[PDB]
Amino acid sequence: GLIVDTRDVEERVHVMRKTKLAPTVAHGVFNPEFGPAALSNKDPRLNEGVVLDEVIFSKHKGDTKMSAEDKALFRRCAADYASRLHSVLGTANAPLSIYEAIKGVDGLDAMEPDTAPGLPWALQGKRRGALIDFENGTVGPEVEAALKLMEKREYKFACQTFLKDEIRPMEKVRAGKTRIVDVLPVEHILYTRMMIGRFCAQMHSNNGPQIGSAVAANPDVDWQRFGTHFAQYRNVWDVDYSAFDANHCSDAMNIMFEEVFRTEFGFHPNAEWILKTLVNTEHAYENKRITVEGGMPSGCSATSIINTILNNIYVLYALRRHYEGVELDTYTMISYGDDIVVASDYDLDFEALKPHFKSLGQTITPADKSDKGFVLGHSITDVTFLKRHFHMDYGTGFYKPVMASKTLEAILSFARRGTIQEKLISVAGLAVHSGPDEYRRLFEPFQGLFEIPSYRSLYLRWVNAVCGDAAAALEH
């Protein structure tokens, strides 16, 4: 988006500047060029002459403004994709009762009780359980007024900025581009789920190529489904965006809300309204207070679904701007926020589509950086989705999600205080698809110290998950 006023207020918000990630026994062996993100502005590992506040907000390179013809095309693409969307899901997108938004429904999980509450609650020294009691599922006095203050449409707020204590490649760590988190107020998350929660739950359960969404998908079972679909098309593309969320232009966000969440399809009038509050946000970061126009806050309700919807609309908009006679039938795709896979039997020139994406403020790039161009003839066994490759299991011929060994080495090389044993359990379910030799090698530093599940136990569990008949048939 576009930063419009950086302000210095007397009050200051504290930011976590101490990594909980510590090296493990595996770090000494694997020597990964990965490390914890720089949280302090006086971090020794930073390259000299790098201010952390400067690098963080560098993702806002302006807010692209569209012409009326570009907006009328985007409005048609939003209306066409919304027609397909609400035709698969149905139009049962009525509001949600107050405690349905808290305890969830079929497809939508419950809210997290012990996560940061946002502003202005955090500035009092307040946990989230004080405002909303989650055991019963009711709100307290502060949220009482805000809920109906949102109904009045008077509700103003601000996003609390947070540093993401995660593992990053050492080039990004020394460059100081630590990723941030825009924490919205808890009452805003509650009210958003009331307006569009039933829509989100219906998307979760209906994920797949038909709606172009992979949100709420389980790669262990869903990759035989996705893999066989994209293996049916001549050309496959692995497109990468740069700052996909920050570069959503105001016009594209506003037009998408006006077309997807219409009261025609069953939503409440405030569904369009509450989503439009995300366009022009105020952000608090210690002394600073930053007003921004455009971009999506990375930390709000339905932020993955909104990004997934925009991603689907961007492809339809770009193709129609360059070619003639293009519909949703022309191509197939599936996305999970910025991550996207596209395919078509037509010979689509994606190099030619780069400027048409640039009119939306987005910059597309081939994930396979070699040659530095979108070539044709790639298959599903070339591309990556959700940090996993589509490889066919040699034993049962099913597609399985395989992660690169150096990605698993980075994951295994760091861990928080005493969370190692169950992290080894969780990661082993990911490492099983790298094969028996690679699985034993990834956990060799740990054996004799921790419990390591057998490759046999995890492979059998996966066979039953992808298809319980596959386990039974192998028995007869």
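Each residue number is its position in the shown sequence, starting from 1.
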Worksheet entry | Average Cα temperature factor in the PDB entry - higher stretch of 37 to 45, 431 to 439 | 37 to 45
Worksheet entry | Selected stretch [higher average CA B-factor]: 400 to 408 or 138 to 146 | 138 to 146
Practice prompt. Name the one of 126, 76, 321, 388 with the greatest CA B-factor according to the PDB entry.
Written response: 126
Worksheet, complete the sentence: One of 296, 98, 111, 217 has the largest Cα B-factor in the entry, namely 98
Discussion item. Could you place residue 67 in the lowest, middle or highest third of its chain by Cα temperature factor, using the values in the record?
Written reply: lowest
Practice prompt. Would you please rank residue 285 by its C-alpha temperature factor against the other modelled residues of its chain and give the third it falls in: lowest, middle or highest?
Written response: highest
Worksheet item: By its CA B factor, does residue 301 count among the lowest, middle or highest third of the modelled residues in the chain?
Response: highest
Discussion item. Where does the C-alpha B-factor of residue 115 rank in its chain, lowest, middle or highest third?
Written reply: highest
Worksheet item: Lowest, middle or highest third: where is residue 258 by Cα B-factor in its chain?
Response: middle
